[PDB]
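Shown next: model-v7.cif, containing mmCIF, C-alpha atoms.
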```
data_model
loop_
_atom_site.label_atom_id
_atom_site.label_comp_id
_atom_site.auth_asym_id
_atom_site.auth_seq_id
_atom_site.Cartn_x
_atom_site.Cartn_y
_atom_site.Cartn_z
CA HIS A 1 0.00 0.00 0.00
CA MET A 2 2.99 2.30 -0.40
CA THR A 3 2.56 4.67 -3.34
CA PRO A 4 5.41 4.84 -5.88
CA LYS A 5 6.40 8.22 -4.41
CA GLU A 6 6.30 6.96 -0.82
CA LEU A 7 8.34 3.85 -1.64
CA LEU A 8 10.85 6.05 -3.46
CA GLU A 9 11.16 8.27 -0.38
CA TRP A 10 11.54 5.16 1.76
CA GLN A 11 14.37 4.03 -0.49
CA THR A 12 16.13 7.40 -0.55
CA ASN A 13 16.22 7.51 3.23
CA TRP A 14 17.60 3.98 3.66
CA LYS A 15 20.38 4.47 1.10
CA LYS A 16 21.19 7.61 3.05
CA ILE A 17 21.32 5.70 6.35
CA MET A 18 23.22 2.77 4.83
CA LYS A 19 25.90 5.04 3.39
CA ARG A 20 26.35 7.24 6.45
CA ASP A 21 25.91 5.26 9.68
CA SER A 22 24.69 1.67 9.25
CA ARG A 23 26.97 -0.89 10.91
CA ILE A 24 26.14 -4.48 10.01
CA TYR A 25 27.27 -7.58 11.89
CA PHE A 26 27.00 -11.10 10.48
CA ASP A 27 26.16 -13.72 13.10
CA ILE A 28 28.79 -16.48 12.90
CA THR A 29 26.78 -19.06 14.85
CA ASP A 30 24.58 -21.56 12.99
CA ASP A 31 22.12 -24.34 13.63
CA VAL A 32 23.77 -27.62 12.61
CA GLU A 33 23.21 -28.32 8.91
CA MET A 34 23.50 -31.58 6.97
CA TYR A 35 28.86 -28.73 2.81
CA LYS A 36 27.95 -24.44 5.86
CA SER A 37 29.90 -23.63 2.68
CA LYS A 38 26.77 -22.90 0.65
CA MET A 39 25.52 -20.41 3.25
CA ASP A 40 29.07 -19.08 3.37
CA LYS A 41 28.57 -18.25 -0.31
CA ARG A 42 25.19 -16.59 0.16
CA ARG A 43 26.71 -14.75 3.12
CA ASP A 44 29.62 -13.23 1.21
CA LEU A 45 27.13 -12.20 -1.48
CA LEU A 46 25.17 -10.27 1.14
CA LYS A 47 28.35 -8.68 2.50
CA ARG A 48 29.34 -7.36 -0.93
CA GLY A 49 25.85 -5.98 -1.51
CA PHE A 50 26.02 -4.01 1.74
CA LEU A 51 29.52 -2.80 0.87
CA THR A 52 28.04 -1.68 -2.46
CA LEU A 53 25.73 0.57 -0.42
CA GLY A 54 28.65 2.06 1.50
CA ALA A 55 27.66 0.38 4.75
CA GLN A 56 30.30 -0.86 7.19
CA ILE A 57 30.64 -4.53 8.06
CA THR A 58 31.95 -5.44 11.53
CA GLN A 59 33.85 -8.57 12.57
CA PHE A 60 32.73 -8.30 16.21
CA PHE A 61 29.47 -7.69 18.06
CA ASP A 62 29.36 -4.15 19.46
CA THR A 63 26.43 -2.08 20.67
CA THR A 64 27.48 0.31 17.90
CA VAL A 65 25.98 -2.38 15.66
CA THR A 66 22.75 -1.30 13.99
CA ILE A 67 21.81 -4.53 12.21
CA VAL A 68 22.69 -8.17 12.82
CA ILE A 69 22.07 -10.67 10.03
CA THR A 70 21.70 -14.37 10.86
CA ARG A 71 20.93 -17.82 9.43
CA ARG A 72 19.35 -18.94 12.68
CA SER A 73 15.60 -18.57 13.21
CA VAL A 74 14.56 -15.12 14.41
CA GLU A 75 11.30 -16.53 15.82
CA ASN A 76 13.12 -18.70 18.38
CA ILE A 77 15.58 -16.09 19.71
CA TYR A 78 13.72 -15.95 23.04
CA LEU A 79 14.85 -19.54 23.67
CA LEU A 80 18.57 -18.75 23.42
CA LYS A 81 20.88 -18.27 26.39
CA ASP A 82 21.31 -14.70 27.66
CA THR A 83 24.94 -14.72 26.49
CA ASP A 84 23.87 -15.33 22.88
CA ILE A 85 24.34 -12.19 20.82
CA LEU A 86 20.96 -12.64 19.13
CA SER A 87 19.40 -12.61 22.60
CA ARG A 88 21.40 -9.51 23.54
CA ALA A 89 20.64 -7.81 20.22
CA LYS A 90 16.86 -8.18 20.52
CA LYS A 91 16.68 -7.07 24.13
CA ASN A 92 18.62 -3.95 23.18
CA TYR A 93 16.15 -3.33 20.35
CA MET A 94 18.70 -3.95 17.61
CA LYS A 95 17.63 -5.01 14.11
CA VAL A 96 17.90 -8.78 13.62
CA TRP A 97 17.43 -9.79 9.98
CA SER A 98 17.23 -13.17 8.30
CA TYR A 99 19.37 -13.80 5.22
CA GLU A 100 16.14 -13.66 3.20
CA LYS A 101 15.14 -10.30 4.65
CA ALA A 102 18.60 -8.88 3.97
CA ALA A 103 18.53 -10.08 0.36
CA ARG A 104 15.01 -8.69 0.08
CA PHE A 105 16.22 -5.35 1.45
CA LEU A 106 19.19 -5.18 -0.94
CA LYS A 107 16.87 -5.94 -3.85
CA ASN A 108 14.73 -2.96 -2.83
CA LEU A 109 17.84 -0.73 -2.89
CA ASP A 110 18.77 -1.76 -6.45
CA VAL A 111 21.78 -3.99 -5.73
CA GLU A 112 15.76 -6.74 -32.11
CA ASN A 113 13.54 -4.06 -30.57
CA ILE A 114 11.00 -3.89 -27.74
CA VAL A 115 7.51 -5.07 -28.68
CA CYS A 116 6.12 -4.58 -25.19
CA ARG A 117 7.25 -4.27 -21.57
CA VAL A 118 5.95 -7.02 -19.28
CA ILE A 119 5.54 -6.05 -15.62
CA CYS A 120 4.70 -8.54 -12.89
CA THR A 121 2.91 -6.37 -10.34
CA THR A 122 2.40 -9.19 -7.85
CA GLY A 123 6.17 -9.33 -7.35
CA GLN A 124 7.51 -12.72 -8.35
CA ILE A 125 9.12 -11.89 -11.71
CA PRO A 126 11.56 -9.07 -12.57
CA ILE A 127 10.73 -6.60 -15.34
CA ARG A 128 11.28 -8.29 -18.72
CA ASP A 129 10.93 -7.14 -22.34
CA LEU A 130 9.63 -8.86 -25.47
CA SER A 131 11.97 -8.66 -28.44
CA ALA A 132 11.54 -9.13 -32.20
CA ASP A 133 13.78 -8.47 -35.22
CA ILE A 134 11.94 -5.70 -37.09
CA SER A 135 13.41 -6.24 -40.56
CA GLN A 136 12.72 -9.97 -40.21
CA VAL A 137 9.20 -9.24 -38.98
CA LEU A 138 8.19 -7.13 -41.98
CA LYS A 139 9.84 -9.78 -44.16
CA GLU A 140 7.46 -12.50 -42.95
CA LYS A 141 4.34 -13.00 -45.09
CA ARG A 142 2.48 -15.36 -42.75
CA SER A 143 -0.21 -13.67 -40.63
CA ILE A 144 1.50 -14.49 -37.32
CA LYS A 145 4.90 -12.79 -37.24
CA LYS A 146 6.47 -13.85 -33.94
CA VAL A 147 5.28 -16.03 -31.06
CA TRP A 148 6.35 -15.77 -27.42
CA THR A 149 5.38 -18.61 -25.09
CA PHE A 150 4.70 -18.18 -21.37
CA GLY A 151 4.73 -21.11 -18.96
CA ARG A 152 5.96 -23.21 -16.05
CA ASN A 153 8.71 -24.58 -18.29
CA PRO A 154 11.99 -22.66 -18.00
CA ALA A 155 12.41 -23.44 -21.71
CA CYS A 156 9.71 -20.89 -22.61
CA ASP A 157 10.37 -17.39 -23.95
CA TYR A 158 8.91 -16.21 -20.64
CA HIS A 159 9.27 -18.22 -17.42
CA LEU A 160 6.30 -17.86 -15.08
CA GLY A 161 8.11 -19.78 -12.34
CA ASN A 162 7.54 -23.20 -10.77
CA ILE A 163 3.88 -22.77 -9.79
CA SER A 164 1.40 -25.46 -8.75
CA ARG A 165 -1.52 -25.02 -11.16
CA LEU A 166 0.34 -23.56 -14.17
CA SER A 167 1.31 -25.34 -17.40
CA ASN A 168 4.63 -26.03 -19.14
CA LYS A 169 3.07 -24.09 -21.99
CA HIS A 170 0.41 -21.88 -20.39
CA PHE A 171 -0.36 -19.12 -22.88
CA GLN A 172 1.10 -17.22 -25.81
CA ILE A 173 1.58 -13.66 -27.02
CA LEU A 174 1.35 -13.60 -30.83
CA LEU A 175 2.53 -10.76 -33.03
CA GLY A 176 0.17 -10.21 -35.96
CA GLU A 177 0.14 -8.06 -39.08
CA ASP A 178 0.05 -4.27 -38.66
CA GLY A 179 1.82 -4.35 -35.30
CA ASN A 180 -0.93 -5.85 -33.14
CA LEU A 181 -0.27 -8.13 -30.17
CA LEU A 182 -2.80 -10.79 -29.17
CA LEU A 183 -3.25 -13.40 -26.46
CA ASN A 184 -3.79 -17.15 -26.70
CA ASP A 185 -4.59 -19.42 -23.76
CA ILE A 186 -3.48 -23.04 -24.14
CA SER A 187 -3.30 -23.88 -20.43
CA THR A 188 -5.55 -26.45 -18.74
CA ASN A 189 -6.37 -24.39 -15.61
CA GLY A 190 -6.96 -21.04 -17.30
CA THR A 191 -5.90 -17.52 -18.27
CA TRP A 192 -7.53 -14.17 -17.46
CA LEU A 193 -7.47 -10.81 -19.23
CA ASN A 194 -8.58 -7.80 -17.20
CA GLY A 195 -10.34 -10.11 -14.76
CA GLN A 196 -12.16 -11.99 -17.53
CA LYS A 197 -11.33 -15.60 -18.39
CA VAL A 198 -10.25 -15.82 -22.02
CA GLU A 199 -11.43 -18.56 -24.38
CA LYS A 200 -8.93 -21.41 -24.75
CA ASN A 201 -7.26 -21.62 -28.18
CA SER A 202 -8.74 -18.31 -29.33
CA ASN A 203 -6.73 -15.18 -30.16
CA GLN A 204 -7.80 -12.18 -28.09
CA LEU A 205 -6.57 -8.69 -28.95
CA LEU A 206 -4.35 -7.13 -26.28
CA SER A 207 -4.52 -3.42 -25.44
CA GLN A 208 -2.45 -0.92 -23.45
CA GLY A 209 -2.16 -1.75 -19.76
CA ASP A 210 -4.02 -5.03 -20.23
CA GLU A 211 -3.53 -7.30 -17.22
CA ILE A 212 -2.92 -11.03 -17.77
CA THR A 213 -3.76 -13.06 -14.66
CA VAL A 214 -2.98 -16.76 -14.18
CA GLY A 215 -3.10 -19.16 -11.25
CA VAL A 216 -6.53 -17.86 -10.23
CA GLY A 217 -7.94 -19.91 -7.35
CA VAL A 218 -4.92 -19.89 -5.06
CA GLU A 219 -3.85 -16.53 -3.67
CA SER A 220 -0.20 -17.66 -3.49
CA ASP A 221 0.21 -18.96 -7.05
CA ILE A 222 -1.57 -15.89 -8.44
CA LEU A 223 0.37 -13.90 -11.04
CA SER A 224 -0.52 -10.63 -12.79
CA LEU A 225 1.34 -9.29 -15.82
CA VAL A 226 0.62 -5.85 -17.26
CA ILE A 227 1.59 -5.29 -20.88
CA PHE A 228 2.91 -1.88 -21.91
CA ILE A 229 3.05 -1.92 -25.68
CA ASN A 230 5.76 0.11 -27.41
CA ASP A 231 4.24 2.75 -29.70
CA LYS A 232 7.39 3.16 -31.79
CA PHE A 233 7.08 -0.45 -32.98
CA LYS A 234 3.74 0.00 -34.76
CA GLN A 235 4.62 3.62 -35.56
CA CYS A 236 7.45 2.26 -37.76
CA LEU A 237 5.85 -1.02 -38.85
#
```
Kindly transcribe the structure held in the file into structure tokens.
Amino acid sequence: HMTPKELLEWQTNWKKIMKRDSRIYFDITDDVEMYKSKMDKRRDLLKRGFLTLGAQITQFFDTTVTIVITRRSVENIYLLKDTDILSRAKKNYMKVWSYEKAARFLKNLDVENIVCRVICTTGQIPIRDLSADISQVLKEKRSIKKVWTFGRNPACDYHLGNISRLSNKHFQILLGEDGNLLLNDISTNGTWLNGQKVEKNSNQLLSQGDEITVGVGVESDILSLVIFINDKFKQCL
């Protein structure tokens, strides 16, 4: 519920704090894991991301520390001994972040031609673009010029992720004559366009800001793409 302007202000402030006076400590204790070396790799990735922000990493636990980042469960810190630095950190009202939260934080601080710009507004997928060779496109005589496939399969032109009720080949975006994009559902569980379920194996014309929604029926697998069609493409086609 943060507006674009609010979230931008939120970001500006944190970058400011990170650069000037954040002091991050990485908890060296773990819960036994059944090869520590994998989380040592994800750890050093986090450290470099924070260094990218101009923040200072500490080798020892001070009270000058502003954030501690840990692999151990934050939920169970109250069960640790009083000497444990996670226990001491929380009781002194210090920030205690999970590796996931830290990676999530760093992501939020930014650490052929374009047919359209696909934007997943539910989060899961980064901003991707659809590409097509223009000279090759006008060369084609067939009615359908190019064909992007969306689906559960990471072999598709657009990977929708490993979702429960999706399909290896879920739906398609077809490029037609005269620079028009259209939509084609081939899934078995369904595709939606602006809240309306589209007819399977039937080409529906896409418009500006049209919202493709799949995985309807489970609020976790849900996925909404908004298509922002490039005007220059048709304006030169």
Inset, instruction - Report as a ChimeraX atom specification the full result of the PyMOL selection byres ((chain A and resi 234) around 10) when it is applied to this structure. - result: /A:115,177-180,229-233,235-237
Using all atoms listed in the file, tabulate the residues of range 8-29 of chain A lying at most 12 Å from any atom of range 67-82 of chain A, each with its closest atom pair and that distance in Å to one decimal, by chain and increasing residue number, as a tab-separated table.
```
residue	atom	partner	partner_atom	distance
A:17	CA	A:67	CA	11.8
A:18	CA	A:67	CA	10.5
A:21	CA	A:67	CA	10.9
A:22	CA	A:67	CA	7.4
A:23	CA	A:67	CA	6.4
A:24	CA	A:67	CA	4.9
A:25	CA	A:68	CA	4.7
A:26	CA	A:69	CA	5.0
A:27	CA	A:70	CA	5.0
A:28	CA	A:70	CA	7.7
A:29	CA	A:72	CA	7.7
```
Can you write just those residues out, C-alpha atoms, as a PDB file, keeping the file's coordinate frame?
```
ATOM      1  CA  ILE A  17      21.320   5.700   6.350  1.00  0.00           C
ATOM      2  CA  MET A  18      23.220   2.770   4.830  1.00  0.00           C
ATOM      3  CA  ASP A  21      25.910   5.260   9.680  1.00  0.00           C
ATOM      4  CA  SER A  22      24.690   1.670   9.250  1.00  0.00           C
ATOM      5  CA  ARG A  23      26.970  -0.890  10.910  1.00  0.00           C
ATOM      6  CA  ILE A  24      26.140  -4.480  10.010  1.00  0.00           C
ATOM      7  CA  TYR A  25      27.270  -7.580  11.890  1.00  0.00           C
ATOM      8  CA  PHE A  26      27.000 -11.100  10.480  1.00  0.00           C
ATOM      9  CA  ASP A  27      26.160 -13.720  13.100  1.00  0.00           C
ATOM     10  CA  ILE A  28      28.790 -16.480  12.900  1.00  0.00           C
ATOM     11  CA  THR A  29      26.780 -19.060  14.850  1.00  0.00           C
TER      12      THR A  29
END
```
Inset, instruction - Using only C-alpha atoms, determine which residues lie at most 7 Å from range 208-217 of chain A, disregarding the query and same-chain residues fewer than 2 positions distant; provide the list as JSON, numbers by chain. - result: {"A": [165, 166, 190, 191, 192, 193, 194, 206, 219, 221, 222, 223, 224, 225, 226, 227, 228, 229]}
Evaluating the PyMOL selection byres ((chain A and resi 40) around 12) on the displayed file yields which residues, as a compact mmCIF listing (two decimals) with C-alpha atoms, keeping the file's coordinate frame?
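Now in out_5.txt:
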```txt
# COMPACT_ATOMS: atom_id res chain seq x y z
CA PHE A 26 27.00 -11.10 10.48
CA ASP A 27 26.16 -13.72 13.10
CA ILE A 28 28.79 -16.48 12.90
CA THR A 29 26.78 -19.06 14.85
CA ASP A 30 24.58 -21.56 12.99
CA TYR A 35 28.86 -28.73 2.81
CA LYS A 36 27.95 -24.44 5.86
CA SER A 37 29.90 -23.63 2.68
CA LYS A 38 26.77 -22.90 0.65
CA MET A 39 25.52 -20.41 3.25
CA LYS A 41 28.57 -18.25 -0.31
CA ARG A 42 25.19 -16.59 0.16
CA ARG A 43 26.71 -14.75 3.12
CA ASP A 44 29.62 -13.23 1.21
CA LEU A 45 27.13 -12.20 -1.48
CA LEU A 46 25.17 -10.27 1.14
CA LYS A 47 28.35 -8.68 2.50
CA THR A 70 21.70 -14.37 10.86
CA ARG A 71 20.93 -17.82 9.43
CA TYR A 99 19.37 -13.80 5.22
```
Legend entry - Residue among A:125, A:89, A:114, A:119 lying closest to residue 159 in chain A, counting all atoms listed in the file: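 Residue with the minimum atom-to-atom distance to residue 159 in chain A: A:125.
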Inset, instruction - Grab the CA of residue 152 in chain A to CA of residue 113 in chain A distance for me, in Å with one decimal place. - result: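 Rounded to one decimal, the two atoms are 25.2 Å apart.
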Legend entry - Residue among A:16, A:197, A:145, A:128 lying closest to residue 176 in chain A, counting all atoms listed in the file: A:145
Legend entry - Of the listed residues A:107, A:141, A:170, A:88, that which approaches residue 50 in chain A most closely, counting all atoms listed in the file: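 With all atoms listed in the file as the atom set, the closest residue is A:107.
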Inset, instruction - Using CA of residue 100 in chain A and CA of residue 123 in chain A as the two end points, give the distance in Å to one decimal. - result: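 Answer for the CA of residue 100 in chain A to CA of residue 123 in chain A separation: 15.1 Å.
When CA of residue 60 in chain A is paired with CA of residue 102 in chain A, their separation reads 18.7 Å.
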Inset, instruction - Can you work out which one of A:163, A:55, A:32, A:156 has the shortest atom-to-atom distance to residue 220 in chain A, counting all atoms listed in the file? - result: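 Distance minimum relative to residue 220 in chain A lands on A:163.
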